[PDB]
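Protein chains in written order, with full-length UniProt numbering: chain A, 7 to 225; chain B, 7 to 224; chain C, 3 to 62; chain D, 3 to 62; chain E, 3 to 62; chain F, 3 to 62; chain G, 3 to 62.
In what follows, a single structure is set out as structure tokens and then discussed.
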Amino acid sequence: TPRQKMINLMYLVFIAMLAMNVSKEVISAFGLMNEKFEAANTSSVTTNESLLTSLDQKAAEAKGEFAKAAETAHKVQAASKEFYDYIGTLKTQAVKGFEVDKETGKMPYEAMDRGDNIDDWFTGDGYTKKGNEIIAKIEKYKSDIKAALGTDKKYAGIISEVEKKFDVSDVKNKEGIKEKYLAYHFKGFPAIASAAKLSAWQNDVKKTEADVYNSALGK
Amino acid sequence: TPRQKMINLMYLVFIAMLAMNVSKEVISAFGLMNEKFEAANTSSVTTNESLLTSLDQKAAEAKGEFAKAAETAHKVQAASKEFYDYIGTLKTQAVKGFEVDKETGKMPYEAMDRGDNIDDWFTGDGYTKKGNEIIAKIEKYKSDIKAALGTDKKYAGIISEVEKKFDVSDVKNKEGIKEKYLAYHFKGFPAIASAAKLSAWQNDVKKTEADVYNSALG
Amino acid sequence: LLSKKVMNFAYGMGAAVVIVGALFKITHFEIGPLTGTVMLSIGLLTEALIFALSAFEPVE
Amino acid sequence: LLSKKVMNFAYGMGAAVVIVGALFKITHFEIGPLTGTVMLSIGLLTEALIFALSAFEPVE
Amino acid sequence: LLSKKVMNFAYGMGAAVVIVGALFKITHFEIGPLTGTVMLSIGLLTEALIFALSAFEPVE
Amino acid sequence: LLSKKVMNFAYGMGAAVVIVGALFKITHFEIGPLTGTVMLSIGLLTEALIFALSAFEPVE
Amino acid sequence: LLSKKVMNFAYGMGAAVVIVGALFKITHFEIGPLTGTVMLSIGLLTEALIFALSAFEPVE
Numbered sequence: 007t008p009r010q011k012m013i014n015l016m017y018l019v020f021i022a023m024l025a026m027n028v029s030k031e032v033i034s035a036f037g038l039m040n041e042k043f044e045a046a047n048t049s050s051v052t053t054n055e056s057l058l059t060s061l062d063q064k065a066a067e068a069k070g071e072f073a074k075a076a077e078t079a080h081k082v083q084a085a086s087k088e089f090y091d092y093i094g095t096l097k098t099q100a101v102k103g104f105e106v107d108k109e110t111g112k113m114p115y116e117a118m119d120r121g122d123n124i125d126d127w128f129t130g131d132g133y134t135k136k137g138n139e140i141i142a143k144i145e146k147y148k149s150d151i152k153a154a155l156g157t158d159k160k161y162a163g164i165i166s167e168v169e170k171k172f173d174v175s176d177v178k179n180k181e182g183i184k185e186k187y188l189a190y191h192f193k194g195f196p197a198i199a200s201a202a203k204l205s206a207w208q209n210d211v212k213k214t215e216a217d218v219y220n221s222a223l224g225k
Numbered sequence: 007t008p009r010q011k012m013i014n015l016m017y018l019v020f021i022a023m024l025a026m027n028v029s030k031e032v033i034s035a036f037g038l039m040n041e042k043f044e045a046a047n048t049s050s051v052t053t054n055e056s057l058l059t060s061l062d063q064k065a066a067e068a069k070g071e072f073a074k075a076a077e078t079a080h081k082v083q084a085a086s087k088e089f090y091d092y093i094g095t096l097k098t099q100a101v102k103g104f105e106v107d108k109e110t111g112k113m114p115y116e117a118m119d120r121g122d123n124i125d126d127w128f129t130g131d132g133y134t135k136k137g138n139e140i141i142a143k144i145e146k147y148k149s150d151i152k153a154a155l156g157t158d159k160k161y162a163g164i165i166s167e168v169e170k171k172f173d174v175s176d177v178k179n180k181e182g183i184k185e186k187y188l189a190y191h192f193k194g195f196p197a198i199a200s201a202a203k204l205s206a207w208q209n210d211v212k213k214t215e216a217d218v219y220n221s222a223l224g
Numbered sequence: 003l004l005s006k007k008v009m010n011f012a013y014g015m016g017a018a019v020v021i022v023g024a025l026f027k028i029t030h031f032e033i034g035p036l037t038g039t040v041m042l043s044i045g046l047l048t049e050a051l052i053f054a055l056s057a058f059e060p061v062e
Numbered sequence: 003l004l005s006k007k008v009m010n011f012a013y014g015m016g017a018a019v020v021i022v023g024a025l026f027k028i029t030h031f032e033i034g035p036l037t038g039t040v041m042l043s044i045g046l047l048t049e050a051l052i053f054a055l056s057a058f059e060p061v062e
Numbered sequence: 003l004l005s006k007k008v009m010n011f012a013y014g015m016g017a018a019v020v021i022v023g024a025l026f027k028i029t030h031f032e033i034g035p036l037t038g039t040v041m042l043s044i045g046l047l048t049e050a051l052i053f054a055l056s057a058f059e060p061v062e
Numbered sequence: 003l004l005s006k007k008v009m010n011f012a013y014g015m016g017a018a019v020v021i022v023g024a025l026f027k028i029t030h031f032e033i034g035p036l037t038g039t040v041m042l043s044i045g046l047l048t049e050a051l052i053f054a055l056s057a058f059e060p061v062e
Numbered sequence: 003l004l005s006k007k008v009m010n011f012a013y014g015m016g017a018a019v020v021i022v023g024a025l026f027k028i029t030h031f032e033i034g035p036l037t038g039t040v041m042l043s044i045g046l047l048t049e050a051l052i053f054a055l056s057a058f059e060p061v062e
């Protein structure tokens, strides 16, 4: 039995190989990334709060261009706040049913493996009525960005950036067909990956608010 | 061969399962947040230059606590730039081999699913004389921040967050058994995942530089 | 006791479901609510059972 | 029911084709329309049906 | 050397607990204070003793 | 068209190369430009060659 | 060329040491300087040596 003895040993060695393969962390890598993103969100909301009240104080003392920039700042503030809290509701939908580990203060990142809580956004190759509401919210946010920020030459860079950052159109897959947006970015993902990308959108919204703020007070 | 067939079948199954195990998804998310992390750290370094410019401008206007803040800022600037370009060297070593696709600008994320480029970082159970200096660089970074930015209560939160982000000491996995730091985080990841985590370390380095600059003026 | 036809049926069908479960695990094509890992779990579970209970007959 | 020679040949060729499928899976070179994943799946399924239909004929 | 009863049962039970441990490790499901790795290690250990003490008699 | 003179040679050499390939993968080496997934891609390819020529003597 | 008994005993002890080395590899405790990998490497190299020099007797 020449190859046999080989196969009886290498069976358990490959068990050890798979055990070294499956253990690791990989999926749990988002949890440090989601934690860094959420800490960046918690920092950016505070520094942009100080930025908006500094621009508010400046528009209170020297009104005019500061007042018009503060009006645009408050409009993007309200639209960004509505989009931020809506993305937060989608995120709490994304982690619905996953507790904390009490002592560690970290979610079971090994357990948040499937995206089986937001199956109510797709039907086969189409969406549901909720996913169409999400696409409507994203397009409403992109359009009120484009409508609050006018045709100013200083702001067209961030208009083109949010059109780049929040493109909604079909993207080609690896096989070369078109594919709808939330089916491409979320259908089948892990839930911690979904909350990670939604917090990336939150970081994008706070970054956009920061850019229009420090370009607004510079204006 | 009564139950022997099952065994050979187990051999076949687990020699098949030592193929790709992270999916045609999740590494897609790794690439997306790698692009997000890289755009974010590019934006952060471009505003960090202006932060330190305003910082040493106010220091040159009035010295004292401003000047001491400028000195510890330039020390942590040099140390963080050393660590930053070293992690950049590790990241280019991590994505070395896969051609960046032209026109679009994104690497093939369906291709980078094996961490072979960082296989020379460690000899299995422990590091080698490529990874021991990575460990030495991390501990050097911690000690030079703690030595320059030191004996101050306004930066105690900063240095505690630095030592909270960079625990070189071993970590317990889902079971609770400990394992070396660059073996838990980099052994057998996707190469896009290792580049993502290294760019995340670059993001934490620039975040450290950002709030030590903000604390220098705040 | 598991009889001869039932033992053979387990000895083949657990093998078949653990093969297609390994397939669904390493390719992430999951049809419906089966999701691959549950098929692999059922396969390895019944394989563990059939591997356990077939250790009680020392027939030579 | 099929022949044991066909059974052994199919099991062997299926094992060979699934291992070279995992080879293309971990290396990403494909010649033509094979692309690994297709080859991996047809390999696993071909030796799945072997383990399936052999588990009905009880002969010994 | 050990008894034939505690040879085949040890071999089979160790070959089954390693499989259910690999199952526990690929599924993140532990029930009690087992967590797979304990079961996987006791399986590899109980097979290590079999490969150890069966290296003494070549009987044919 | 296979002879028995090289059959055991093929079985042993393929066993040796797949074992040293797994060895290089779970101990991490640096010899030349391989260090795993390089010798293993030779190793399981040779294993695929064995499993190809495994079912070419169907005698019972 | 070695005797049949020493090859079999070396196969047994080599399998034992590589499996307990894998046990150290998946659990990470090293007692002294054994460090898992060392036991793993010496077991796999002894096994590769055996499977090399057992690929040269055409016995049938």
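For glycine and all other residues, C-beta sits at the position ideal for the given N, C-alpha and C.
Handout entry: Helix, strand or coil at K7(D) [DSSP, three-state]
Key = The residue given as residue 7(D) occupies position 5 in the fourth sequence. In this structure, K7(D) counts as helix in the three-state DSSP scheme.
Practice task
Could you tell me whether the Cβ atoms of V20(C) and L3(C) are closer together than 8 Å?
Solution key: On the third sequence, position 18 is the one that residue 20(C) refers to. On the third sequence, position 1 is the one that residue 3(C) refers to. No. Outside cutoff.
Exercise for the section: Name the one or two DSSP bridge partners that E62(G) has. Expected result: Within the seventh sequence, residue 62(G) is the residue found at index 60, counting from 1. Partner(s): none; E62(G) has no beta bridge.
Handout entry: Listed by chain order, chain F residues near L47(G) by CB distance under 8 Å
Key = Residue mapping note: residue 47(G) aligns to position 45 of the seventh sequence, counting from 1. In chain order: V22, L25.
Exercise for the section: Can you grab the Cα-Cα spacing for the pair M15(C) / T39(C), in whole Å? Expected result: Position 13 of the third sequence, counting from 1, holds the residue named residue 15(C). Position 37 of the third sequence, counting from 1, holds the residue named residue 39(C). Cα to Cα, the separation comes out at about 17 Å.
Practice task
State buried or exposed for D210(B), treating a residue as buried only when at least 16 other CB atoms are found within 10 Å of its CB.
Solution key: As a first step, residue 210(B) must be located in the second sequence, where it is residue number 204. By the neighbour-count rule (16 or more Cβ atoms within 10 Å), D210(B) is buried.
Practice task
Determine, using beta carbons only, whether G14(F) comes closer than 8 Å to chain B.
Solution key: The residue labelled residue 14(F) in the question sits at position 12 within the sixth sequence. False, the Cβ-Cβ gap to chain B never drops below 8 Å.
Practice task
Quick one: which unbroken alpha helix (DSSP H) runs of 4-plus residues sit fully inside the stretch 127–183 of chain B? Chain order, please.
Solution key: 138–154, 162–171
Practice task
Rank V174(B), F195(B), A25(B), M39(B) by C-alpha distance to the C-alpha of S43(D) and give the top, closest one.
Solution key: Taking the fourth sequence and counting its residues from 1, the one referred to as residue 43(D) is at position 41. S43(D) has its Cα closest to that of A25(B), out of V174(B), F195(B), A25(B), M39(B).
Problem - Range of the contiguous alpha helix (DSSP H) that encloses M26(B) - result: For the purposes of this step, residue 26(B) is taken as the residue at position 20 of the second sequence. Counting along the chain, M26(B) falls outside any alpha helix (DSSP H), and DSSP gives it neither H nor E.
Handout entry: Residue-chain proximity (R9(B), chain D), Cβ-Cβ < 8 Å
Key = One-based indexing of the second sequence puts residue 9(B) at position 3. Not an interface residue.
Practice task
Might you give, ordered along the chain, the residues of its own chain that have their beta carbon closer than 7 Å to the beta carbon of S56(D), omitting 5 neighbours on each side?
Solution key: The count along the fourth sequence starts at 1 and reaches residue 56(D) at position 54. If we look at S56(D) and ignore the five residues flanking it on each side, its Cβ neighbours are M9.
Exercise for the section: Please name the residue, chosen from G156(A), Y190(A), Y147(A), that lies closest to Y90(A) on a Cα-to-Cα basis. Expected result: Counting from one through the first sequence, the residue named residue 90(A) turns up at place 84. That would be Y147(A), whose Cα lies nearest to the Cα of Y90(A).
Handout entry: Selected residue, minimal CA-CA separation from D176(A), among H191(A), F36(A), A162(A)
Key = For the purposes of this step, residue 176(A) is taken as the residue at position 170 of the first sequence. Of the listed residues, the one whose Cα sits closest to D176(A) is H191(A).
Problem - Span of the alpha helix (DSSP H) around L42(F) - result: Position 40 of the sixth sequence, counting from 1, holds the residue named residue 42(F). Where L42(F) is concerned, the enclosing alpha helix (DSSP H) stretches over 42–54.
Practice task
Note down, in chain order, all residues in the stretch 11–32 of chain B with a beta-carbon under 8 Å from any beta-carbon belonging to chain D.
Solution key: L15, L18, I21, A22, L24, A25, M26
Handout entry: Residues sharing a beta bridge with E215(A), DSSP
Key = On the first sequence, position 209 is the one that residue 215(A) refers to. DSSP output for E215(A) lists no bridge partner at all.
Practice task
Measuring alpha carbon to alpha carbon, tell me which of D131(B), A189(B), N40(B), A202(B) ends up nearest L25(G).
Solution key: Taking the seventh sequence and counting its residues from 1, one reaches residue 25(G) at position 23. The residue with the shortest Cα to Cα distance from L25(G) is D131(B).
Problem - Three CB pairs or more closer than 8 Å across the stretch 61–78 of chain A and the stretch 17–31 of chain B - result: no
Handout entry: Residues sharing a beta bridge with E185(B), DSSP
Key = Counted from its first residue, the second sequence places residue 185(B) at position 179. According to DSSP, which records beta bridges pairwise, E185(B) is partnered with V177(B).
Problem - Nearest to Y92(A) (by Cα), restricted to the options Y219(A), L223(A), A201(A) - result: For this step, residue 92(A) is matched to residue 86 along the first sequence. Nearest option by C-alpha distance: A201(A).
Exercise for the section: Pick helix, strand or coil for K97(B), following the three-state DSSP scheme. Expected result: Translated into positions along the second sequence, residue 97(B) becomes position 91. Three-state result, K97(B): helix.
Problem - Cβ-based neighbour list, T37(D), same chain, cut-off 8 Å, excluding 5 preceding and 5 following - result: Residue mapping note: residue 37(D) aligns to position 35 of the fourth sequence, counting from 1. Within the same chain, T37(D) has close Cβ partners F26.
Practice task
Can you tell me which of the three DSSP states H30(E) falls into?
Solution key: For the purposes of this step, residue 30(E) is taken as residue 28 along the fifth sequence, with counting starting at 1. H30(E) falls in the coil class under three-state DSSP.
Handout entry: chain E contacts made by the stretch 114–130 of chain A, where a contact means CB separation under 9 Å
Key = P114, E116, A117, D119
Practice task
Flag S5(G) as yes if its beta-carbon sits less than 8 Å from any beta-carbon of chain A, otherwise no.
Solution key: Here residue 5(G) is taken as the residue at index 3 of the seventh sequence, counted from 1. No, its Cβ sits nowhere closer than 8 Å to a Cβ of chain A.
Exercise for the section: Express the C-alpha separation of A65(A) and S56(B) in angstroms, rounding to a whole number. Expected result: Within the second sequence, the letter at position 50 stands for residue 56(B). Within the first sequence, the letter at position 59 stands for residue 65(A). Roughly 24 Å separates the two Cα atoms.
Problem - Close beta carbons around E49(C), own chain, < 7 Å, minus the five adjacent residues each side - result: Translated into the one-based positions of the third sequence, residue 49(C) becomes position 47. Excluding positions up to five away in sequence, the list reads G16, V20.
Exercise for the section: Check each residue of the stretch 171–195 of chain B: if its Cβ is closer than 8 Å to any Cβ of chain G, include it; give the result in chain order. Expected result: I183, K184, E185
Exercise for the section: Let me know the beta strand (DSSP E) ranges lying completely inside the stretch 42–82 of chain B, each 3 residues or longer, listed in chain order. Expected result: none
Problem - Contact with chain D by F53(F), beta-carbon distance below 8 Å - result: On the sixth sequence, residue 53(F) is found 51 positions in, with the first residue counted as 1. So, interface residue.
Handout entry: Beta-carbon gap between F172(B) and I141(B) smaller than 8 Å
Key = For the purposes of this step, residue 172(B) is taken as the residue at position 166 of the second sequence. For the purposes of this step, residue 141(B) is taken as the residue at position 135 of the second sequence. Taking 8 Å as the Cβ cut-off, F172(B) and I141(B) do not qualify as a contacting pair.
Problem - Rounded straight-line distance, which links the Cα of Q83(A) to that of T59(A) - result: Walking along the first sequence from the start, residue 59(A) turns up at place 53. Walking along the first sequence from the start, residue 83(A) turns up at place 77. Rounded to whole angstroms, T59(A) to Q83(A) spans 12 Å at the Cα level.
Problem - Per-residue burial, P196(A) [other beta carbons within 10 Å of its own, 16 or more giving buried] - result: Taking the first sequence and counting its residues from 1, the one referred to as residue 196(A) is at position 190. The residue is buried, with at least 16 neighbouring Cβ atoms inside 10 Å.
Practice task
Please check if any C-beta of chain F sits within less than 8 Å of the C-beta of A50(D).
Solution key: Taking the fourth sequence and counting its residues from 1, the one referred to as residue 50(D) is at position 48. Judged by the 8 Å Cβ criterion, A50(D) is not in contact with chain F.
Exercise for the section: Answer with yes or no whether the minimum CB distance from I44(G) to chain E is below 8 Å. Expected result: Walking along the seventh sequence from the start, residue 44(G) turns up at place 42. With 8 Å as the cut-off, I44(G) does not count as an interface residue toward chain E.
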